[PDB]
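Breakdown of the fold
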Amino acid sequence: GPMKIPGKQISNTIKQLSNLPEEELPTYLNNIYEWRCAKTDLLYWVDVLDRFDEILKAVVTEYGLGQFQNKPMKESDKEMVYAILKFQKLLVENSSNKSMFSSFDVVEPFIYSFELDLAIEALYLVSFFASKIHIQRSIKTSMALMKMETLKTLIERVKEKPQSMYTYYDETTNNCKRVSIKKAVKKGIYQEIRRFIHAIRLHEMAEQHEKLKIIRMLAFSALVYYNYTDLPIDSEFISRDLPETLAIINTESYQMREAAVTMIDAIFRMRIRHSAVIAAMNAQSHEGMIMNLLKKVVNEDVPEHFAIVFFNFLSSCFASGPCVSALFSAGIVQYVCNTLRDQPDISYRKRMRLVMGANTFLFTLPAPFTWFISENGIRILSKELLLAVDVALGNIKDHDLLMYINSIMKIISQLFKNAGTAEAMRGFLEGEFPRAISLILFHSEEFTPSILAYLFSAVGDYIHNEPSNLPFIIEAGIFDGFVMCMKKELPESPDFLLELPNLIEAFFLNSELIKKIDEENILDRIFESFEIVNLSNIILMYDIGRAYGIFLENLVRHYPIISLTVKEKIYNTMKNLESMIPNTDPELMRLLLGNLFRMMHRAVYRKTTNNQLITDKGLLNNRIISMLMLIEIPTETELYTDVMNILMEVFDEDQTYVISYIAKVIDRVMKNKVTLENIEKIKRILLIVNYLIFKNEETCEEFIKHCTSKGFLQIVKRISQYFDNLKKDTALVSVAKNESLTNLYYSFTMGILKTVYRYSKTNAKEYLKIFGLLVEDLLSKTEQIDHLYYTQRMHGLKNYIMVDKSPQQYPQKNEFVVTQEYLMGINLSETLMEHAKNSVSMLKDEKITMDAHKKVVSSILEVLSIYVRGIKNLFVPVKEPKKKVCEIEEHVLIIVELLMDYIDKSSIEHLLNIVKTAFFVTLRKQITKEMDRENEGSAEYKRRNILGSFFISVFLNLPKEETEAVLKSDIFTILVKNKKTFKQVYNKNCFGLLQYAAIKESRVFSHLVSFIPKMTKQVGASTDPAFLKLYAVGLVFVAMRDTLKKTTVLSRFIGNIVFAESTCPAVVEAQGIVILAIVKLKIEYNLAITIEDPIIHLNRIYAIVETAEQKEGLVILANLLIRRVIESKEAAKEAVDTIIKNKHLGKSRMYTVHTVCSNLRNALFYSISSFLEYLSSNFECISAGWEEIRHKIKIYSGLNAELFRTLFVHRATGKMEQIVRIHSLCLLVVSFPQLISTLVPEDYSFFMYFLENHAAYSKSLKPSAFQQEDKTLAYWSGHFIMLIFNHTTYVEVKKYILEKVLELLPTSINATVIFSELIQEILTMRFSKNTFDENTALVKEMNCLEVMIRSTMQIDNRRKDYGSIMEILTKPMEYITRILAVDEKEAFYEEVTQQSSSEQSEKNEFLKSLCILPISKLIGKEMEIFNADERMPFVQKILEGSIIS
Amino acid sequence: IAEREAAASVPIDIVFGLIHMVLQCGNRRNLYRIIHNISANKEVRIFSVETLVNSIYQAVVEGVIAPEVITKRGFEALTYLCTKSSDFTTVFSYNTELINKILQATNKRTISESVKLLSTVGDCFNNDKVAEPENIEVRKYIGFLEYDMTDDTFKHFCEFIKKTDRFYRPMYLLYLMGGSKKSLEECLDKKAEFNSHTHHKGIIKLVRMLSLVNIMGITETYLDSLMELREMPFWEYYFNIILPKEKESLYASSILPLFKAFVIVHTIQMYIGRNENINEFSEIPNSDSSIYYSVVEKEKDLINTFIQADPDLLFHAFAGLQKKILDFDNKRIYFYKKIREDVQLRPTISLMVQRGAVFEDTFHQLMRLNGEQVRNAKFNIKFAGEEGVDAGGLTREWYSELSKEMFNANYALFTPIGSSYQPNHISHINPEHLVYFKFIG
């Protein structure tokens, strides 16, 4: 599988490997012996490793992979894969994002190949890869392409022809026998396949035995890094395997000792038995195995692979705290000091390898550092550095020599940077350090930028430590060399770029040096980086931009002398980057800007001292505004975030300057060429003034007076002229673009209208002047030739009118504060009436589309709704101002009358809001109730009633889709309150609408009561779920009404309902709701309606739950129906009493009755008769507006256990039905544990079913090709069993279950695993201490341990799977032996081990969601179906009054 | 750690089969846990430990998985169980013969595993509850010194020797005093070509025997025998002829073992017995014609060089060195190791001082506390008003200010004598102010 979504030498090697023919590839891959280049990123080598994956895939698909059919592997193929595997390791070692390597699946088959050389090279890539698991963690996914467990076959110790016959264990027959491989006839016959392959190579290849011995070491090392836990690490491993491998390191050939070092380094890096590991190497000894082996590499010319692989292990020893302490006693610090200072014959690479070791051993322990200081170690390094610098100077760069200088520079910069090891700076001025440092700075060009980065981190840290020595550093020419260095260009090295400002701030300590930094323009290197295209990725990748801003802030606050040249270079750079926008690719241009603004964010508009100097609001404004009109910056980006925060700060400093400037810019672009690019400049300048106005909190007077000024308004007028001109040439500006432009204009003007209205001290006529001009212009536009943008202007006018609003402090207070008389005078209602007549006339003349006409209706109704909302007491009778207000009432009726037929799903929302405002005093309850009645005989009250008649007629002639929007509105509580209108809607079959309205209003419900006897006959074979729901709701609400002294009503309901067969799940659910209501009402009340056994329909719900979509609603219903059948009146009252007892202990304030009622609305709706009994006698601390009131084993009676036995012995065939049925039994076991005791000892035989389908799937051993349906079926079956053991105390029932569990336990390994875990789960899930201690004393009486111990002892077999099975089986028999070891009292406290595929994902996620819910929540699920998410039904209102009384 | 008599959760017959299932099983950590949980009752614990020692015995003394593997795994389980709970070690005191079977099953391969077990097993003797110590076959154990040993296996060897010295002191001394005297004869015989690096294991086994003798101490009988070792001729020949040549050729690490074995002989004391509840009384015997004090003061520089490299020598081989010999640096380093080894809770307690009266604001608070309270406190110094430095700098500035103020003219506690100070005359020092000197202390 290939990867899924540079340089010059790197680009060349990538291009060469991509182009080169497959024959020439292994010759070039060989040439790349070592990485003498900068570390690359695996992203650049995507097409390189894609071709490598492809050629490796072509070899494994040709030879066989598992079988390896062609035994003789050609030399051209074997040398091709050898070259790929070798280069891959070198590439990923020196590359970034190693986890991207997705060619691991094709690497693995080479490990188990008959080519020894390939297996070694494949394992070396896996071994190094495994070492980075603990470091990145993202690489585990990259290694998941190959099976790691199969490598355990290679682990076996290699002997001289040990086993000539491989023993194998097989499934089904379950026998283990030998297989003779000695035949050697053919390559074919001489998961078990990979293990057998290795067994062949162990005995058959004894000539190339050394190559396979080192294969086990790499395979061991990779598995040490993977999971050190599931490994053969024993006391025997330390006694012999550990010293045997370190003997190989010291004696065997380089190919062998390289792999043994890899294995030791893995155990060492993983710190497995680390105390004994260091002890095995004799690290403390002066001539130890590790100490002598260092001198072996340093002095002899050993291979570079062995030297590197050893030096890597040595560096990991210097990382270990106790190992470095033992190595210290051997004299490692004394060796490195003498070897460098005295022995000059060593190579530049080996000298660098020694410094590289000290870069770790000096930081691990303080003891070797103090010894280095005492041995004058820094002087040794300085002397060596000066020597090395002089050598390179003037000669062609020696990579090895520069790497040595780089290691000396790393060690010094890091010692100086480390606070604890600051003793290194003691012999600095005496030593050769200042001399070599100035030499490097003078000839920067001759060294790596990474060396010059360390140079700054050493010089700077030294200056900052003791600034008293700064004159000595300047005297040593170090500042003069630095200036010389700054003459040369900036390198593409982030270490250099990030370390540069730190040295500048450390040089700024001397006042004389600031004059030189300013004079020489050295600060230009810090600014020019923002405009260099090549650096942009590095400045982004690292936080260079942010770092430079912080630097400028600190430099200006500490030394405000540079403020002039910093401010000059900041705003100069801002203009230089602004100039690049036209001639730069937007993706790159936005990257350059993002980096610049990330600096700007931290450099300007800081609350800090001296910052006011480099922050010019004018300069910042002119650049930020100009940039926004050249490039489009998305809101999503952080560039927009930084730009707008600085623009908001400028706007906050002077709101007036920012607006007058963008007003002059916008009309300047209008005088220019009317081009598409100039359009986006005007659009973007409006989108920015809109953001500034919306995000503005406090507004100044001068800004408001600029908005009301004739100079600004004249520019605004020219915008409407420029924008409406674009509507003439449709080829230039499309109608869709012109609609968006029109919508921007009205959003802009509405924004300025809003800020003028919000502003305090704003005159009424000053606001009405803008409102006047703007509305009058908008109204003239909707009277032109171009009617295409009419909906856009009407939407604008809606928001214009909406501005004049009360501050909204009282809940729902919306009237016109000032614009009422203006809009009444200009006859807005009269013109809106003319707008409706004109548009409907165009439909008669067929000059407008039917769809287009309905959009005009929506626009007229939208504006009208907002206008009539603001009119004071509109449709409310008051003699004084009923002159012009009354005219508007009639206008509303006329407008609606005209466009009644032409309403839609869109227009109906506006019609509702017009009716809501017409009935406001009755709806939001402003009236005195008695006054509202006497008001009915008014011209205003009669006018609103005809509007209601229009609305009802409109709703009734609309389909299911349109009506659904306003199916449950509060207006129907008033509209349907009249018995005649209630019958009109009932006859139009909109049962849903009536249900919701009846639940809220008693007067509306009064009429529904009258229908219940009539509709009782249609309940059987109804097919309309809303009708069934209306009926069931009507019955339960009339039963609760009867609780409050009504009683006789529910008695009168007499009838017989027989439900017809239904294939529809929506109907089946509604039928069940009717049964649930009739059933639960017959529990506490006297209902004369006789129905067929709820089990007839409950079984139907179980069958339909498999095929139906949205199954939850059915499972809730069936489970609630089961509960209501079994639960008695006494048990239902006690369930409610228990819910209230939770809110009694808390002894809190709980001031209002409404709070207790709406919070416990579920409990209220379960049995209101029981709910009223508790509050009346066991009164709470409810204030109710009058001081406060006084306050303060599940054995139920009368349960109907016939349904429990019925459901227990059902046995469904269907996979899903069984899960729901077993889930139901689980709820019953919890709700009423007494149902278990009802079972006759004959009925114990049916328990076997639950144990059998639970043993079908082992939860621990995850099997292949399992289905989630099978998993949850097995789970809930076993869960039912452990629920019986924890929720009940029936000893004989548990004794029967345990007997059958113990009988099944030793039948198979699958049964042993699943039942041992089940017996454990009965105890681990501890419901109660008395229930747990009963199960605890029972399992010891039952001899459970003896059964599982004997079962595990019998299943003992020599199979690699046995180790896995043991780690599983020991967990339950450890917990169980532990409980029986600790006394009965402390046993409880003991813890463990101290769209078809889119629909399949929907049904599988449902099986996970099914759970046992608390009784409080389960009762609430019932109330949800009858109340339908209404916070207050009329039943709650009348209950509250009874409570207080 | 105490005995536990629990209900037998598993019938004793299946525990034998369970033991041999875990033994022939890789990754048996949680399997050992079940053996410990079933061994909660006395009877199963007894049967499990004896099954374990029986498996060890029959596999090596009498001779599928290999006997080497099963013996190493048998020891691995026995040692694990004795560490956890340790009421398994008390089963060795009930049988005793279990120890002799472990002792009999200890060869050149088994010695490593066997010594580690016996160090923890030795705990049964601790409560003076062995019953028949005369029939323990301990002579096999003391003779294990012939086998090659790592410093880790030797660490566990001294453990059983410490736990049994009050029972076998005369038998233990008999072997050790003889082996060291024969080893010292061997150095003296090959003195012409003696190299402490070449003859390393020899001097290591010698320093091992000498240290073992010091652990138990001499008896009034071995007093004549003790001085014979302290005055062996090889000692004189080494420090007067070999040592000078070895200094210019060998590494200090190789020379140290002879200085250790030599310091140990003259460190050995005559111990009487366990008069106390746990501790056993000591007595220092002295030498006469020996060149010990002479050699130690002549090589006091090389001895201190060894202590530079390894300060834990003053707690082991050179523990009985005269602290006179220690150079100020090593003497101060040892002083700090000894005071810090007594770990007691160090609570951070805040101190509010004024820049003007650092002495009085400290005296007022510190003197309300006692010596134990002031010794263990982590004084969190907080100079009033001025808050501009780290807690480590404030701690130092507080000491620095106290030293400036104590030698104060207005305090008049001390009168100068140039750079140094001495207390002010007892007539000038005020009676109520004498307490200021306790505070300076």
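Residues numbered from 1 in each chain as written, not as in the entry; some residues may be left out. Chains lettered and ligands numbered in written order. Part of a larger assembly, values for the part shown. Heavy atoms only, no water.

Per the deposited record, the coordinates in this entry were obtained by X-ray crystallography to a resolution of 3.0370 Å.

Some words on the overall build of chain B
For clarity, the threshold we go by: To qualify as a helix, a DSSP run of H or I must reach at least 4 residues; to qualify as a strand, a run of E must reach at least 2; elements of each kind are numbered from the N terminus. When we talk radius of gyration, it's over C-alpha atoms, and the globule rule is simply 2.2 Å times the number of residues to the 0.38. In this scheme, a residue with accessible area under 20% of its type's maximum is buried, one over 50% is exposed, and one in between is partly exposed, where area comes from a 1.4 Å probe on protein chains only. Throughout, the Shrake-Rupley method with a 1.4 Å probe supplies accessible areas, and for residues the shown protein chains are the sole cover considered. Neither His nor the chain ends is counted toward charge; the positive residues are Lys and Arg and the negative residues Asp and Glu. The atom standing in for a charge is NZ when the residue is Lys, CZ when it is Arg, CG when it is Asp and CD when it is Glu.
When helices and strands are tallied, chain B shows 21 helices and 6 strands. Taken against the 2.2 N^0.38 rule, which gives 22 Å for 441 residues, the C-alpha radius of gyration of chain B at 30 Å runs more than 25% over that of a compact globule. Principal-axis analysis of the C-alpha atoms places the extent of chain B at approximately 90 × 65 × 40 Å. Out of the 441 residues belonging to chain B, those deemed buried represent 47%. About 22,800 Å² of surface is accessible on chain B, with carbon and sulfur atoms providing 53% of the total. Measuring between centres, the 51 positive side-chain charges of chain B sit 3 Å from its 56 negative side-chain charges.

Details of the packing of helix α2 (residues 29-38) of chain B against helix α4 (residues 67-83) of chain B
Residues and elements named next belong to chain B. Quick reminder of the rule: Orientation is described by axes fitted as lines to C-alpha atoms, over the contacting stretch for helices, and by angles from 0 to 180 degrees between their N-to-C directions. Any angle between 65 and 115 degrees counts as roughly perpendicular, while under 35 counts as roughly parallel, over 145 as roughly antiparallel, and the rest as oblique. By definition, any crossing whose near helix is turned counterclockwise from its far helix by less than a right angle is left-handed, and any crossing with a clockwise turn is right-handed. Contacts are residue-level and defined by heavy atoms, with any inter-residue pair within 4.5 Å sufficient. Each residue gets one of three labels, nonpolar for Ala, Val, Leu, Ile, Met, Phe, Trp, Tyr, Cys and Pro, charged for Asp, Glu, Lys and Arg, and polar for the others, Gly among them.
As a packed pair, α2 and α4 sit with axes 10 Å apart at the nearest point and diverge in direction by 55°. Between α2 and α4, the angle falls in the class oblique. The hand of the α2/α4 crossing is right-handed. Between α2, through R29, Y32, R33, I35 and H36, and α4, the contact on the second element is made entirely by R73, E76, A77, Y80 and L81. Split into classes, the residues belonging to the contact of α2 with α4 amount to 5 nonpolar, 1 polar and 4 charged.

Description of the nonpolar core
Looking at soluble globular proteins, one finds that nonpolar side chains tend to be buried together. Rules: Nine residue types can take part in a nonpolar core, namely buried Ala, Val, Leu, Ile, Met, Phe, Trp, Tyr and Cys, and a core is a set of them joined through side-chain atoms within 4.5 Å.
One finds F482(A), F1247(A), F1280(A), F157(B) and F318(B) to be the most contacted residues of the largest nonpolar core, which totals 619 residues. Of all the elements, helix α10 (residues 151-189) of chain B adds the most residues to this core, at 14 residues. Sequence-distant contacts of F1280(A), that is, excluding residues within four places in its chain, are made with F1208(A), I1222(A), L1225(A), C1226(A), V1229(A), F1247(A) and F1250(A). In terms of nonpolar packing, the next biggest core, distinct from the first, is built from 20 residues, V353(B), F359(B), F363(B) and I429(B) among them.

A short note on the interface of chain A and chain B
Note the cut-off: Two parts placed together each lose some accessible area under a 1.4 Å probe, and adding up what both lose gives the buried area. Salt bridges are counted wherever a side-chain nitrogen of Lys or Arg sits within 4 Å of a carboxyl oxygen of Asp or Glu.
Between chain A and chain B, the residue contacts involve 30 residues of the former and 31 residues of the latter. Together, the buried faces of chain A and chain B total about 2,600 Å²; carbon and sulfur atoms form 56% of this surface. Considering only the side of chain A, the residues that lose the most area to chain B are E236(A), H286(A) and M1353(A), jointly responsible for 19% of the buried surface there. Across the contact surface, chain A and chain B share 4 salt bridges. Between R240(A) and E68(B) there is a salt bridge, with its nearest N and O atoms 3.2 Å apart.

Brief notes about the packing of helix α67 (residues 1291-1304) of chain A against helix α68 (residues 1309-1324) of chain A
Residues and elements named next belong to chain A. Two elements in contact, α67 and α68, have axes whose closest approach is 9 Å; the angle formed by their N-to-C orientations is 150°. When the interaxial angle is binned, α67 and α68 end up roughly antiparallel. The way α67 lies across α68 gives a crossing that is left-handed. Contact residues: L1298, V1301, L1302 and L1304 in α67; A1311, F1315, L1318 and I1319 in α68. Looking at the contact of α67 with α68 residue by residue, the class counts come to 8 nonpolar, no polar and no charged.

Examining the packing of aromatic side chains
How two aromatic rings sit relative to each other is given by the distance of their centres and the angle of their planes. We apply this condition: A pair of aromatic rings is counted whenever rings of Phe, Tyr or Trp (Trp by its six-membered ring) have centres within 6.5 Å, and the orientation is called stacked for planes under 30 degrees apart, edge-to-face for over 60 and tilted otherwise. Two conditions define a charge sitting above a ring: the NZ of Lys or the CZ of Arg must be within 6 Å of the ring centre, and it must be within 35 degrees of the ring normal.
Tallied over the full model, the rule gives 95 aromatic pairs over all chains. Ring plane angle 65° and centroid distance 4.7 Å describe the contact between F194(B) and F234(B), whose orientation is recorded as edge-to-face. Here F234(B) lies in helix α13 (residues 233-249) and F194(B) lies in the loop between α10 and α11 (200-216), a separation of 40 residues in the sequence. Take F194(B): its relative accessible area is 8%, and that puts it in the buried class. Through successive ring pairs, a cluster of aromatic residues spans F194(B), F234(B), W235(B), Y238(B), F239(B), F259(B), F262(B), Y292(B), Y293(B), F306(B) and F318(B). When the ring centre of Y941(A) is taken as reference, the NZ or CZ atom of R944(A) above it lies at 3.9 Å. Its end group placed over the ring of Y1166(A), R1124(A) keeps NZ or CZ at 3.7 Å from the ring centre.

Quick look at empty space enclosed by the protein
Residue and element names in this part refer to chain A. Short version of the rule: Cavity: a set of points on a 1 Å grid over the protein atoms alone where a 1.4 Å probe fits but cannot get out. Pocket: an open set with protein on both sides within 12 Å along at least five of seven lines, its lining residues, like those of a cavity, having an atom within 4 Å of a point. Grid points are joined across faces, edges and corners, and a volume is the space filled by probe spheres set on the points.
Volume-wise, the largest cavity comes out at about 150 Å³. Lining the largest cavity are 13 residues, and of these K1143, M1150, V1156, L1160 and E1180 sit closest to its centre. Broken down by secondary-structure element, the contributors of at least two residues to the lining of the largest cavity are α59 (1129-1145) and α60 (1153-1159). Among the elements that line the lining of the largest cavity, the one with the most residues is α60, at 3 residues. Space inside the second largest cavity adds up to approximately 90 Å³. Taken together, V1036, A1039, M1040, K1080, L1081, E1084, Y1085, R1124, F1165, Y1166, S1167 and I1168 make up the full set of residues lining the second largest cavity.

Side note on a negative patch on the surface
Filter applied, for reference: Patches were defined on residues exceeding 30% relative accessible area and lacking a salt bridge, with like-charge contacts within 9 Å and nonpolar side-chain contacts (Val, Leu, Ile, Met, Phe, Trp, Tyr) within 5 Å.
Taken together, the side chains of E649(A), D652(A), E653(A), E697(A) and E698(A) present a region of like negative charge at the surface. Topologically, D652(A) is positioned in helix α33 (residues 638-653).

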